[PDB]
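The sequence shown begins at 2 in the working numbering and counts up one residue at a time.
Beta carbons: idealized from backbone N, C-alpha and C, even for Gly.
Report on the following structure.
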Amino acid sequence: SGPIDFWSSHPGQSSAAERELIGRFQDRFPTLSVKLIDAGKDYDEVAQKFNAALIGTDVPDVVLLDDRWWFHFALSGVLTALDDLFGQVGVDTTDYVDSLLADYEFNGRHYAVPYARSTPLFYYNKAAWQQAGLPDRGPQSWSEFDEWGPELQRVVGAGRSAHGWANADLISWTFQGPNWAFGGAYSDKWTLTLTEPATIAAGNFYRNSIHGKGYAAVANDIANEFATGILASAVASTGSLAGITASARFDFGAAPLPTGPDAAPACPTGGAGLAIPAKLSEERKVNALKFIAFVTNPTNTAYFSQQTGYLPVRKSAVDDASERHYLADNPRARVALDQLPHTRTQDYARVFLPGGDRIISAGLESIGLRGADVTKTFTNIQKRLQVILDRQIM
Ligand SMILES: C[N+](C)(C)CCOP(=O)(O)OC[C@H](O)CO
Ligand SMILES: [Mg+2]
C-alpha cells in the first residue's frame, strides 16, 4: 500500500533525471504518487534486495532488473507477465525499439519494459591519440588496436595504460563483442563454446594485451579511470557517457566496437528494464504499468537518454524537438544509436545460465589479474558450466 515504490540503482548517475520524470508523472496523474528508492549501488544490489523482499512482505511496485536478473526472476515466476497489461493501459508497444522490447520476451510473454539500455563504446583519449600519431577514430579491428597499444603505452608512460579492461563487475559484457569479432562466443544458444579455437584466440588476445605486450590493464572504476586520464581508452557502457563527459578535462571520442568479418555484428546491447512483482494486487499492477509506460514514453525516454548517455527506447523519441537538437550538438551520443542495429543478441551462457555470468566473469578477471592460462581457464569454466546445464536440464 501507499505510493508506487520505484526501486532503482540510478544507473548512469541518473537519480536527478528520475526525480524529474517522477515530477512529470505526478503532474500528469495528480491522483498517484511515487517514492523513488535508492535500492542499491548497482544492478546486483537491487536484485539482492528484491530477493530478500520477496521472502518478506514489502515488495516494490516497480523494480529495475538488468539483462541477467529479469530472466532469473521471470523464470522464477515472481514477475508480472505484461502482455495483457500493455493492452489494458494503452501502451503503444509497436513504438518501442523492437529489439529492446524483445530482450524481455520469454515464451511468448514480456516480463519487463526497456529503461536504461546501452551498447558498449570504445572511449579513447584524443590527446593520447594525437601523441601516438593515431587517426581520429577507434580501431577497425582488435588486431589494429594491438598495433596501436604499444604506441599508446609509450606516450602515456609509467603510471598509465593504453587500455583499461573492466574487472569482474563488467568484463563478461565488454569482452563479449571482441570474442564475437574473433568468431568466438561463450555459447551458441545452450551449447557451450568456451573451448572452441576462436574463443581461445580472443581470450589470448585479451591476456596478451595485459601480460604479453603490456599496454592494457584491468581497471577498477573503468569510467572514472578513463575520465581522469589513467586509461587512454576503454570499452565501457554508453550509460556512463554523461559522467565521463562531465569529468574528462581532455577531448575524447566514442567509437563503435570493431565488427566481425564482413561487418558481422560484434557488439552486444545491455542495461536494464522495469518490471512489476507478480505478488502485487491487480490495482497496483495497473498503476505500476501506468508509471513504467509513462517514464518510457517518447519524450521521457529521450530525456533520460540526454541525462545519461543511455539509448532512447522509443522509435519516435527522435521525433522529439529536444532530442533532435541534442543529437545535433552531441555526436558521441549518436554512436550507440547508430550501433544499435549492428548488435548481436547476448550469449546464453552469460545472461540465462544460472550462475553462468559469475563463473565466466571470474575466469576472465583471473586471466586478466594473474595471467591464468586461457585454454586451462576456459576448459575449467566450461566444465563447471556444463555441470550446471546438465543439472538444470534434469
Ligand atoms: C551502471 N554502469 C553504467 C556504471 C554499469 C552498467 O552499465 P549498463 O550499460 O547499464 O549495463 C551493462 C550490462 O548489461 C550489465 O549486465
Ligand atoms: Mg511501500
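Given residue i as reference, the closest of the options once Cα atoms are compared
| i | options | result |
| --- | --- | --- |
| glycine 134 | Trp149, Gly215, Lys291 | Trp149 |
| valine 236 | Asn381, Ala249, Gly254, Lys214 | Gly254 |
| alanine 199 | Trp191, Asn180, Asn209 | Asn180 |
| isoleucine 211 | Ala163, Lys377, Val352 | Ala163 |
| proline 262 | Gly178, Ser15, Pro299 | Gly178 |
| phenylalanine 87 | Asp339, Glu152, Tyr112, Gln141 | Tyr112 |
| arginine 371 | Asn209, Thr192, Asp339 | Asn209 |
| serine 306 | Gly3, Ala18, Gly78, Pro151 | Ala18 |
| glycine 57 | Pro151, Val79, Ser15 | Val79 |
| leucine 338 | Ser2, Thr81, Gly310 | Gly310 |
| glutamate 152 | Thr192, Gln131, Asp320 | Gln131 |
| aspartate 45 | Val60, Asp59, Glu145, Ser10 | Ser10 |
| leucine 102 | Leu312, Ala373, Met395 | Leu312 |
| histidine 73 | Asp59, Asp137, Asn52 | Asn52 |
C-beta atoms of residue i and residue j nearer than 8 Å
| i | j | result |
| --- | --- | --- |
| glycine 165 | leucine 232 | yes |
| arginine 385 | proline 269 | no |
| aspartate 104 | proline 121 | no |
| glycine 244 | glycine 13 | yes |
| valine 375 | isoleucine 201 | yes |
| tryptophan 71 | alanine 276 | yes |
| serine 248 | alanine 228 | yes |
| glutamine 154 | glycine 213 | no |
| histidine 343 | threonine 239 | no |
| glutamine 308 | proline 355 | no |
| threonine 196 | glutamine 347 | no |
| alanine 159 | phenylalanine 251 | no |
| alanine 54 | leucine 66 | no |
| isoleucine 368 | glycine 109 | no |
| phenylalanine 123 | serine 241 | no |
Contact belief for residue i with residue j at Cβ below 8 Å, rounded distance in angstroms
| i | j | result |
| --- | --- | --- |
| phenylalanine 7 | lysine 291 | Contact flag wrong, Cβ pair sits at about 12 Å. |
| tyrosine 207 | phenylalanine 176 | 6 Å |
| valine 336 | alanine 256 | 7 Å |
| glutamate 324 | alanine 294 | With 8 Å as the limit, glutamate 324 and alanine 294 do not qualify as a contact, their Cβ atoms being about 18 Å apart. |
| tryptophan 191 | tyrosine 327 | That belief does not hold up - the Cβ atoms of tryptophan 191 and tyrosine 327 are roughly 41 Å apart, past 8 Å. |
| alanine 182 | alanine 82 | At roughly 36 Å, the Cβ-Cβ gap does not stay under 8 Å, so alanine 182 and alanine 82 are not in contact. |
6 Å Cβ shell around residue i - same chain, five flanking residues per side excluded
| i | result |
| --- | --- |
| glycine 272 | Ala117, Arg118, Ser119 |
| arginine 161 | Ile231 |
| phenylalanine 107 | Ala75 |
| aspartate 68 | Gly271, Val352 |
| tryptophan 174 | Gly271 |
Own chain residues within Cβ distance below 8 Å of residue i, not counting five before or after
| i | result |
| --- | --- |
| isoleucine 5 | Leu33, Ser34, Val35, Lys36, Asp62, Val63, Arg285, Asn288, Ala289, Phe292 |
| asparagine 301 | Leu22, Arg25, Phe295 |
| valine 90 | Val287, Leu290, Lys291, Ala294 |
| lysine 50 | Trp8, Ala40, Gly41 |
| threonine 378 | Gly204, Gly364, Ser367, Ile368 |
| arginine 20 | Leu37 |
| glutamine 27 | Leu33, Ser34, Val35 |
| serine 16 | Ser9, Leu37, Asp39 |
Contact set for residue i: own chain, Cβ-Cβ below 7 Å, skip 5 residues either direction
| i | result |
| --- | --- |
| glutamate 366 | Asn168, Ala169, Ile172, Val219 |
| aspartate 321 | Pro299, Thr300, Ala303 |
| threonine 380 | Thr196 |
| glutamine 340 | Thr120, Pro257, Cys268 |
| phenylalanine 146 | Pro140 |
| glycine 3 | none |
| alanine 224 | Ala237, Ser241, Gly244, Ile245 |
| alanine 373 | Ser367 |
| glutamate 226 | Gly165, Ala220, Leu232 |
Chain C contact for residue i (CB, 8 Å cutoff)
| i | result |
| --- | --- |
| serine 234 | No chain C is present in this structure, which holds just one protein chain. |
Next on the checklist: Below 8 Å, how does it come out for the region 277-287 and the region 210-230: are there three or more Cβ pairs, yes or no?
Outcome noted: The answer is no - the region 210-230 does not touch the region 277-287, with fewer than three Cβ pairs under 8 Å.
Checklist entry - Quick check: the region 358-368 against the region 378-394, are there 3 or more CB pairs under 8 Å? => result Yes, they touch.
Item to check | Stretch pair the region 39-47 + the region 321-333: three plus CB contacts closer than 8 Å | outcome: Result no; under three Cβ-Cβ pairs closer than 8 Å.
Checklist entry - Counting Cβ pairs, one atom from each stretch, are 3 or more of them under 8 Å apart for the region 308-320 and the region 96-112? => result Here the region 308-320 makes contact with the region 96-112; the two share three or more CB pairs at distances below 8 Å.
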